[PDB]
>>> print(open('final_0.pdb').read())   # PDB, C-alpha atoms
ATOM      1  CA  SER A   5    -140.608-107.117  -9.200  1.00  0.00           C
ATOM      2  CA  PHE A   6    -140.294-109.629 -12.077  1.00  0.00           C
ATOM      3  CA  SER A   7    -136.966-109.759 -13.919  1.00  0.00           C
ATOM      4  CA  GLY A   8    -135.601-111.448 -17.015  1.00  0.00           C
ATOM      5  CA  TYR A   9    -138.949-111.917 -18.786  1.00  0.00           C
ATOM      6  CA  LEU A  10    -139.477-111.659 -22.519  1.00  0.00           C
ATOM      7  CA  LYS A  11    -142.520-109.463 -23.331  1.00  0.00           C
ATOM      8  CA  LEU A  12    -144.924-111.308 -25.646  1.00  0.00           C
ATOM      9  CA  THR A  13    -147.823-108.827 -25.637  1.00  0.00           C
ATOM     10  CA  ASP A  14    -148.969-105.698 -23.748  1.00  0.00           C
ATOM     11  CA  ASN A  15    -149.764-107.887 -20.706  1.00  0.00           C
ATOM     12  CA  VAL A  16    -148.135-111.314 -21.169  1.00  0.00           C
ATOM     13  CA  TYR A  17    -144.510-112.002 -20.224  1.00  0.00           C
ATOM     14  CA  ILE A  18    -142.552-115.277 -20.325  1.00  0.00           C
ATOM     15  CA  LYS A  19    -139.383-116.676 -18.748  1.00  0.00           C
ATOM     16  CA  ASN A  20    -137.598-120.032 -18.682  1.00  0.00           C
ATOM     17  CA  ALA A  21    -137.811-120.562 -14.937  1.00  0.00           C
ATOM     18  CA  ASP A  22    -138.798-122.947 -12.222  1.00  0.00           C
ATOM     19  CA  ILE A  23    -142.047-121.377 -10.875  1.00  0.00           C
ATOM     20  CA  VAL A  24    -141.124-122.475  -7.293  1.00  0.00           C
ATOM     21  CA  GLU A  25    -137.763-120.699  -7.481  1.00  0.00           C
ATOM     22  CA  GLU A  26    -139.419-117.738  -9.175  1.00  0.00           C
ATOM     23  CA  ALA A  27    -142.084-117.556  -6.433  1.00  0.00           C
ATOM     24  CA  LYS A  28    -139.444-117.752  -3.637  1.00  0.00           C
ATOM     25  CA  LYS A  29    -137.475-114.955  -5.320  1.00  0.00           C
ATOM     26  CA  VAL A  30    -140.310-112.536  -6.222  1.00  0.00           C
ATOM     27  CA  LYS A  31    -142.841-113.511  -3.461  1.00  0.00           C
ATOM     28  CA  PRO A  32    -145.608-112.278  -5.803  1.00  0.00           C
ATOM     29  CA  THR A  33    -149.105-111.286  -4.690  1.00  0.00           C
ATOM     30  CA  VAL A  34    -150.455-114.300  -6.613  1.00  0.00           C
ATOM     31  CA  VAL A  35    -148.865-117.506  -7.753  1.00  0.00           C
ATOM     32  CA  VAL A  36    -151.076-119.723  -9.907  1.00  0.00           C
ATOM     33  CA  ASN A  37    -151.150-123.422  -9.259  1.00  0.00           C
ATOM     34  CA  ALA A  38    -151.941-125.951 -11.979  1.00  0.00           C
ATOM     35  CA  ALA A  39    -154.539-127.609  -9.754  1.00  0.00           C
ATOM     36  CA  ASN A  40    -156.925-130.500 -10.206  1.00  0.00           C
ATOM     37  CA  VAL A  41    -160.561-130.424  -8.966  1.00  0.00           C
ATOM     38  CA  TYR A  42    -159.622-132.264  -5.759  1.00  0.00           C
ATOM     39  CA  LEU A  43    -156.663-129.970  -4.964  1.00  0.00           C
ATOM     40  CA  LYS A  44    -154.502-133.121  -4.732  1.00  0.00           C
ATOM     41  CA  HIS A  45    -151.090-131.618  -5.393  1.00  0.00           C
ATOM     42  CA  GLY A  46    -149.259-134.784  -6.344  1.00  0.00           C
ATOM     43  CA  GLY A  47    -147.065-133.902  -9.293  1.00  0.00           C
ATOM     44  CA  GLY A  48    -146.194-131.366 -11.973  1.00  0.00           C
ATOM     45  CA  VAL A  49    -146.365-127.743 -10.875  1.00  0.00           C
ATOM     46  CA  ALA A  50    -148.827-128.576  -8.042  1.00  0.00           C
ATOM     47  CA  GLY A  51    -146.583-131.228  -6.525  1.00  0.00           C
ATOM     48  CA  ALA A  52    -143.611-128.891  -6.741  1.00  0.00           C
ATOM     49  CA  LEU A  53    -145.423-125.870  -5.205  1.00  0.00           C
ATOM     50  CA  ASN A  54    -146.869-128.053  -2.459  1.00  0.00           C
ATOM     51  CA  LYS A  55    -143.484-129.630  -1.650  1.00  0.00           C
ATOM     52  CA  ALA A  56    -142.002-126.104  -1.393  1.00  0.00           C
ATOM     53  CA  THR A  57    -144.648-125.250   1.271  1.00  0.00           C
ATOM     54  CA  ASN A  58    -143.621-128.344   3.312  1.00  0.00           C
ATOM     55  CA  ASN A  59    -147.131-129.794   2.533  1.00  0.00           C
ATOM     56  CA  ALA A  60    -148.900-126.812   4.156  1.00  0.00           C
ATOM     57  CA  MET A  61    -150.627-126.152   0.800  1.00  0.00           C
ATOM     58  CA  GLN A  62    -152.025-129.715   0.798  1.00  0.00           C
ATOM     59  CA  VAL A  63    -153.220-129.466   4.422  1.00  0.00           C
ATOM     60  CA  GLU A  64    -155.003-126.186   3.668  1.00  0.00           C
ATOM     61  CA  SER A  65    -156.393-127.626   0.433  1.00  0.00           C
ATOM     62  CA  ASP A  66    -157.819-130.735   2.125  1.00  0.00           C
ATOM     63  CA  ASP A  67    -159.652-128.512   4.611  1.00  0.00           C
ATOM     64  CA  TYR A  68    -160.949-126.387   1.684  1.00  0.00           C
ATOM     65  CA  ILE A  69    -162.232-129.514  -0.124  1.00  0.00           C
ATOM     66  CA  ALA A  70    -163.765-130.952   3.055  1.00  0.00           C
ATOM     67  CA  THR A  71    -165.760-127.715   3.423  1.00  0.00           C
ATOM     68  CA  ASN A  72    -166.552-126.858  -0.201  1.00  0.00           C
ATOM     69  CA  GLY A  73    -166.252-129.954  -2.316  1.00  0.00           C
ATOM     70  CA  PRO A  74    -164.270-130.155  -5.530  1.00  0.00           C
ATOM     71  CA  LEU A  75    -163.655-127.307  -7.912  1.00  0.00           C
ATOM     72  CA  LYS A  76    -165.077-127.352 -11.430  1.00  0.00           C
ATOM     73  CA  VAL A  77    -162.739-127.979 -14.396  1.00  0.00           C
ATOM     74  CA  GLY A  78    -162.164-124.385 -15.607  1.00  0.00           C
ATOM     75  CA  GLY A  79    -162.669-123.027 -12.079  1.00  0.00           C
ATOM     76  CA  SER A  80    -160.452-121.733  -9.336  1.00  0.00           C
ATOM     77  CA  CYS A  81    -160.142-120.844  -5.710  1.00  0.00           C
ATOM     78  CA  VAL A  82    -157.900-118.438  -3.817  1.00  0.00           C
ATOM     79  CA  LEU A  83    -155.982-119.917  -0.935  1.00  0.00           C
ATOM     80  CA  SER A  84    -152.827-118.898   0.946  1.00  0.00           C
ATOM     81  CA  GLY A  85    -149.572-118.589  -0.949  1.00  0.00           C
ATOM     82  CA  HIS A  86    -147.710-119.834   2.186  1.00  0.00           C
ATOM     83  CA  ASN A  87    -143.988-119.098   1.848  1.00  0.00           C
ATOM     84  CA  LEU A  88    -144.301-118.673  -1.987  1.00  0.00           C
ATOM     85  CA  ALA A  89    -146.728-115.761  -2.499  1.00  0.00           C
ATOM     86  CA  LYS A  90    -149.426-113.749  -0.675  1.00  0.00           C
ATOM     87  CA  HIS A  91    -152.060-115.952  -2.365  1.00  0.00           C
ATOM     88  CA  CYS A  92    -152.180-119.029  -4.474  1.00  0.00           C
ATOM     89  CA  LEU A  93    -154.802-119.046  -7.159  1.00  0.00           C
ATOM     90  CA  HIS A  94    -155.536-122.733  -7.745  1.00  0.00           C
ATOM     91  CA  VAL A  95    -156.794-122.978 -11.297  1.00  0.00           C
ATOM     92  CA  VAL A  96    -158.072-126.168 -12.905  1.00  0.00           C
ATOM     93  CA  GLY A  97    -157.266-126.425 -16.558  1.00  0.00           C
ATOM     94  CA  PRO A  98    -158.735-129.404 -18.473  1.00  0.00           C
ATOM     95  CA  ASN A  99    -156.607-132.540 -18.251  1.00  0.00           C
ATOM     96  CA  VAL A 100    -156.680-133.897 -21.823  1.00  0.00           C
ATOM     97  CA  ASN A 101    -155.132-137.168 -20.368  1.00  0.00           C
ATOM     98  CA  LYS A 102    -158.466-137.537 -18.372  1.00  0.00           C
ATOM     99  CA  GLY A 103    -160.566-136.793 -21.524  1.00  0.00           C
ATOM    100  CA  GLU A 104    -161.534-133.255 -20.409  1.00  0.00           C
ATOM    101  CA  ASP A 105    -162.849-130.614 -22.889  1.00  0.00           C
ATOM    102  CA  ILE A 106    -159.945-128.452 -24.215  1.00  0.00           C
ATOM    103  CA  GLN A 107    -162.510-125.587 -24.666  1.00  0.00           C
ATOM    104  CA  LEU A 108    -162.480-125.265 -20.859  1.00  0.00           C
ATOM    105  CA  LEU A 109    -158.906-123.915 -21.121  1.00  0.00           C
ATOM    106  CA  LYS A 110    -160.285-120.443 -21.999  1.00  0.00           C
ATOM    107  CA  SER A 111    -162.612-120.604 -18.943  1.00  0.00           C
ATOM    108  CA  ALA A 112    -159.612-121.632 -16.810  1.00  0.00           C
ATOM    109  CA  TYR A 113    -157.553-118.628 -18.013  1.00  0.00           C
ATOM    110  CA  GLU A 114    -160.482-116.259 -17.349  1.00  0.00           C
ATOM    111  CA  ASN A 115    -159.846-116.778 -13.617  1.00  0.00           C
ATOM    112  CA  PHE A 116    -156.564-114.841 -14.046  1.00  0.00           C
ATOM    113  CA  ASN A 117    -158.539-111.688 -14.934  1.00  0.00           C
ATOM    114  CA  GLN A 118    -159.657-111.356 -11.312  1.00  0.00           C
ATOM    115  CA  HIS A 119    -156.026-110.518 -10.320  1.00  0.00           C
ATOM    116  CA  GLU A 120    -153.987-107.521 -11.476  1.00  0.00           C
ATOM    117  CA  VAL A 121    -150.722-109.403 -11.660  1.00  0.00           C
ATOM    118  CA  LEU A 122    -149.908-113.122 -11.457  1.00  0.00           C
ATOM    119  CA  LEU A 123    -146.935-115.471 -11.661  1.00  0.00           C
ATOM    120  CA  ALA A 124    -148.278-118.534 -13.526  1.00  0.00           C
ATOM    121  CA  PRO A 125    -147.547-121.693 -15.400  1.00  0.00           C
ATOM    122  CA  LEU A 126    -149.141-122.518 -18.789  1.00  0.00           C
ATOM    123  CA  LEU A 127    -152.460-124.123 -17.917  1.00  0.00           C
ATOM    124  CA  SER A 128    -153.112-127.673 -19.048  1.00  0.00           C
ATOM    125  CA  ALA A 129    -149.505-128.017 -20.236  1.00  0.00           C
ATOM    126  CA  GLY A 130    -147.063-130.638 -18.830  1.00  0.00           C
ATOM    127  CA  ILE A 131    -148.722-133.631 -17.225  1.00  0.00           C
ATOM    128  CA  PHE A 132    -152.173-132.166 -18.059  1.00  0.00           C
ATOM    129  CA  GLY A 133    -151.497-133.203 -21.669  1.00  0.00           C
ATOM    130  CA  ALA A 134    -152.470-130.150 -23.717  1.00  0.00           C
ATOM    131  CA  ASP A 135    -150.257-128.551 -26.347  1.00  0.00           C
ATOM    132  CA  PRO A 136    -148.338-125.762 -24.556  1.00  0.00           C
ATOM    133  CA  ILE A 137    -148.286-123.691 -27.805  1.00  0.00           C
ATOM    134  CA  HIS A 138    -152.093-123.763 -27.760  1.00  0.00           C
ATOM    135  CA  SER A 139    -152.119-122.928 -24.010  1.00  0.00           C
ATOM    136  CA  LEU A 140    -149.948-119.844 -24.616  1.00  0.00           C
ATOM    137  CA  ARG A 141    -152.252-118.754 -27.465  1.00  0.00           C
ATOM    138  CA  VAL A 142    -155.346-119.107 -25.242  1.00  0.00           C
ATOM    139  CA  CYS A 143    -153.505-117.263 -22.452  1.00  0.00           C
ATOM    140  CA  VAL A 144    -152.630-114.271 -24.654  1.00  0.00           C
ATOM    141  CA  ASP A 145    -156.149-114.189 -26.163  1.00  0.00           C
ATOM    142  CA  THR A 146    -157.937-114.493 -22.777  1.00  0.00           C
ATOM    143  CA  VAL A 147    -155.918-112.896 -19.998  1.00  0.00           C
ATOM    144  CA  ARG A 148    -156.056-109.104 -19.856  1.00  0.00           C
ATOM    145  CA  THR A 149    -154.256-108.651 -16.523  1.00  0.00           C
ATOM    146  CA  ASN A 150    -150.444-108.850 -16.182  1.00  0.00           C
ATOM    147  CA  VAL A 151    -149.297-112.452 -16.387  1.00  0.00           C
ATOM    148  CA  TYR A 152    -145.717-113.598 -15.886  1.00  0.00           C
ATOM    149  CA  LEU A 153    -145.399-117.105 -17.258  1.00  0.00           C
ATOM    150  CA  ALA A 154    -142.738-119.422 -15.932  1.00  0.00           C
ATOM    151  CA  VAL A 155    -141.883-122.284 -18.329  1.00  0.00           C
ATOM    152  CA  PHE A 156    -139.673-124.863 -16.614  1.00  0.00           C
ATOM    153  CA  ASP A 157    -138.471-126.688 -19.734  1.00  0.00           C
ATOM    154  CA  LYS A 158    -135.789-124.670 -21.694  1.00  0.00           C
ATOM    155  CA  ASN A 159    -136.439-126.465 -24.980  1.00  0.00           C
ATOM    156  CA  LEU A 160    -140.178-125.840 -24.599  1.00  0.00           C
ATOM    157  CA  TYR A 161    -139.561-122.158 -23.719  1.00  0.00           C
ATOM    158  CA  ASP A 162    -137.484-121.747 -26.909  1.00  0.00           C
ATOM    159  CA  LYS A 163    -140.169-123.450 -29.003  1.00  0.00           C
ATOM    160  CA  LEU A 164    -142.899-121.222 -27.435  1.00  0.00           C
ATOM    161  CA  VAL A 165    -140.967-117.971 -28.067  1.00  0.00           C
ATOM    162  CA  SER A 166    -139.767-118.949 -31.599  1.00  0.00           C
ATOM    163  CA  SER A 167    -143.262-119.978 -32.726  1.00  0.00           C
ATOM    164  CA  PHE A 168    -145.172-117.101 -31.031  1.00  0.00           C
ATOM    165  CA  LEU A 169    -147.375-115.287 -33.462  1.00  0.00           C
TER
END
>>> encode(input="final_0.pdb", output="structure tokens")
Amino acid sequence: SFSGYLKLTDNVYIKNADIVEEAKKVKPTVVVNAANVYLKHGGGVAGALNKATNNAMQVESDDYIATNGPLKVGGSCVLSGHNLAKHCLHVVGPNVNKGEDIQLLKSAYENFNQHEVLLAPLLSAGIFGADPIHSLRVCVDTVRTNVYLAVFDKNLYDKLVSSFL
């Protein structure tokens, strides 16, 4: 079970944590990856989760892409969670640095509603370029299932909690 989280709403919780370390500790049913459409887990959360699986996530992902083609921005797929979780829900939030529509962030968060409980990062935050305060707002206003958000950056976590409406 999840420990040390601050409750933001009925169903959204938040913690200043490294999502890889959190996943290894909890071994949740679902860990969300901040994926791109190609499932190329190079950096940010995706690079870190993939490195923790010894690249097994990338090998599985390349086979998934070879069979199915790329995901849509705002879409997702369920793959193995490897040593981190039962499943990994790869969700593609819009990458504002690639000129993608920020309105797709709500569509991206809607994927979380297919799972009762998830360990997740803030979608489109970090190297995806969106405002994490906005991502948290969209998360709380979209996700209805139980989401445990791991925010790596302490200063960002404090800003998110202190500005939460």
>>> resolve_selection(input="final_0.pdb", expression="the PyMOL selection byres ((chain A and resi 78) around 8)", output="list in words")
residues 76, 77, 79, 80, 95, 96, 97, 98, 108, 109, 110, 111, 112 and 113 of chain A
>>> resolve_selection(input="final_0.pdb", expression="the PyMOL selection byres ((chain A and resi 39-48) around 7)", output="PyMOL selection string")
chain A and resi 37-38+49-52+54+62+65+69+74-77+94-96+130-131
>>> write_last_selection(input="final_0.pdb", atoms="C-alpha atoms", output="mmCIF file, in the frame of the given file")
data_model
loop_
_atom_site.group_PDB
_atom_site.id
_atom_site.type_symbol
_atom_site.label_atom_id
_atom_site.label_comp_id
_atom_site.auth_asym_id
_atom_site.auth_seq_id
_atom_site.Cartn_x
_atom_site.Cartn_y
_atom_site.Cartn_z
ATOM 1 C CA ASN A 37 -151.150 -123.422 -9.259
ATOM 2 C CA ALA A 38 -151.941 -125.951 -11.979
ATOM 3 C CA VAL A 49 -146.365 -127.743 -10.875
ATOM 4 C CA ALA A 50 -148.827 -128.576 -8.042
ATOM 5 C CA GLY A 51 -146.583 -131.228 -6.525
ATOM 6 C CA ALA A 52 -143.611 -128.891 -6.741
ATOM 7 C CA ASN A 54 -146.869 -128.053 -2.459
ATOM 8 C CA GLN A 62 -152.025 -129.715 0.798
ATOM 9 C CA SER A 65 -156.393 -127.626 0.433
ATOM 10 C CA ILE A 69 -162.232 -129.514 -0.124
ATOM 11 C CA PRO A 74 -164.270 -130.155 -5.530
ATOM 12 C CA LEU A 75 -163.655 -127.307 -7.912
ATOM 13 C CA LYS A 76 -165.077 -127.352 -11.430
ATOM 14 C CA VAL A 77 -162.739 -127.979 -14.396
ATOM 15 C CA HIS A 94 -155.536 -122.733 -7.745
ATOM 16 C CA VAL A 95 -156.794 -122.978 -11.297
ATOM 17 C CA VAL A 96 -158.072 -126.168 -12.905
ATOM 18 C CA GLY A 130 -147.063 -130.638 -18.830
ATOM 19 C CA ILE A 131 -148.722 -133.631 -17.225
#
>>> resolve_selection(input="final_0.pdb", expression="the PyMOL selection byres ((chain A and resi 133-139) around 10)", output="VMD selection string")
chain A and resid 97 to 103 106 109 to 110 113 125 to 132 140 to 145 155 160 to 161 163 to 165 167 to 168
>>> closest_atom_pairs(input="final_0.pdb", of="stretch 99-149 of chain A", to="stretch 6-17 of chain A", cutoff="8 Å", atoms="only C-alpha atoms", output="JSON lines")
{"residue": "A:144", "atom": "CA", "partner": "A:16", "partner_atom": "CA", "distance": 6.4}
{"residue": "A:147", "atom": "CA", "partner": "A:15", "partner_atom": "CA", "distance": 8.0}
{"residue": "A:148", "atom": "CA", "partner": "A:15", "partner_atom": "CA", "distance": 6.5}
{"residue": "A:149", "atom": "CA", "partner": "A:15", "partner_atom": "CA", "distance": 6.2}
>>> residues_around(input="final_0.pdb", residues="residue A:21", least_positions_apart="2", cutoff="9 Å", atoms="only C-alpha atoms", output="ChimeraX atom specification")
/A:18-19,23-26,153-158
>>> closest_residue(input="final_0.pdb", among="A:93, A:35, A:66, A:20", to="residue A:114", atoms="only C-alpha atoms")
A:93
>>> atom_distance(input="final_0.pdb", atom1="atom CA of residue A:34", atom2="atom CA of residue A:71")
22.7 Å
>>> atom_distance(input="final_0.pdb", atom1="atom CA of residue A:64", atom2="atom CA of residue A:152")
25.0 Å
>>> atom_distance(input="final_0.pdb", atom1="atom CA of residue A:118", atom2="atom CA of residue A:36")
12.1 Å
>>> residues_around(input="final_0.pdb", residues="residue A:92", least_positions_apart="4", cutoff="10 Å", atoms="only C-alpha atoms", output="PyMOL selection string")
chain A and resi 32-37+53+61+80-86+88+122-124
